[PDB]
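Q: Following this: a sequence and the matching experimental structure.
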Amino acid sequence: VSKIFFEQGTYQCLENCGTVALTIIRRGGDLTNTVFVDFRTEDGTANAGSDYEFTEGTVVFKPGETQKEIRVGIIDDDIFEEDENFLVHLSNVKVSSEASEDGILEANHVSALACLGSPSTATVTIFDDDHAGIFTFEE
Ligand SMILES: [Ca+2]
Ligand SMILES: [Ca+2]
């Protein structure tokens with residue numbers, strides 16, 4: 001069993017940072033079986049593929065991967081950007097226990113089969129900082 005979840009619920013980075021590194025924490029004791037969780041960024045209040053990247057991929061939790069790090073590319077849009085953020089959601093949990101990709105309901109999963117130990121919403125608030133005369137609106 002492995003609960004996959006974001007270390008933080010909100011991540012902030014500069015637009016000029018290049019990438020934002022998020023960390024997924026994995027709990028459940030010990031588990032060396034390879035757990036796969038699929039992720040993508042959500043447009044939220046912006047556009048993925050226009051403002052910042054969608055970094056759609058799958059996180060491979062290998063033996064030793066008690067934590068995983070993902071990075072979202074920031075795209076060069078320079079618009080007056082006020083609290084321009086997106087949401088990272090996790091979905092599609094698949095477990096490699098057998099040598100086949102389709103692990104038939106194998107008990108080395110997240111919860112029941114799949115779930116996530118977060119909203120799951122890792123809000124990535126990009127600090128444009130260029131025209132960012134932002135106001136703190138609570139999420
Ligand atoms: Ca933007
Ligand atoms: Ca900007």
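A: Structure received. Numbers count the residues shown, from 1 in each chain. Ligands and ions are numbered 1, 2, ... in the order given.
Q: Which positions in the protein make contact with ligand 1?
A: Within the chain, the positions lying close to ligand 1 (CB under 5 Å from the ion) are 51, 77, 81, 84. To be clear about C-beta, it is placed using only N, CA and C from the backbone, and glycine gets the same treatment.
Q: Burial check on the closest residue to residue 127 other than its chain neighbours, number of neighbours?
A: The shortest distance from residue 127 to any residue other than its chain neighbours is 5.1 Å, reached at residue 14 (CB to CB, 6 or more residues apart in numbering). By the criterion of other CB atoms under 10 Å, residue 14 has 14 neighbours.
Q: which residues does residue 14 contact?
A: Neighbour list for residue 14: 126, 127, 129 [criterion: CB atoms under 8 Å, 6 or more residues apart in numbering].
Q: Next, work out how far apart it and residue 120 are.
A: Residue 14 sits 24 Å away from residue 120, going by CB to CB, to the nearest Å.
Q: Repeat that for residue 38.
A: Residue 38 is 12 Å from residue 120, by CB to CB.
Q: List the residues that contact the nearest residue to residue 7 once chain neighbours are set aside.
A: If the residues on either side of it in the chain are set aside, residue 7 comes closest to residue 23, at 4.1 Å by CB to CB, 6+ apart. Contacts here follow CB under 8 Å, 6+ apart; on that basis residue 23 touches 6, 7, 8, 67, 68, 69, 70.
Q: The last one pairs with what?
A: This means residue 70. Note on residue 70: beta-bridge partners by DSSP bridges are residue 22.
Q: What are the neighbouring residues in contact with it?
A: Counting by CB under 8 Å, 6+ apart, residue 70 makes contact with 21, 22, 23, 24, 39, 55, 57, 59, 88.
Q: Can you go through those residues and name the buried ones?
A: Neighbour-count burial (16 or more other CB atoms under 10 Å) applied to the contacts of residue 70 gives 22, 24, 39, 55, 59, 88.
Q: Now secondary structure too, for those, in CSV please.
A: Listed next are the buried ones among the contacts of residue 70 as CSV, based on DSSP: H, G, I helix; E, B strand; the rest coil:
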residue, secondary structure
22, strand
24, strand
39, strand
55, coil
59, strand
88, strand
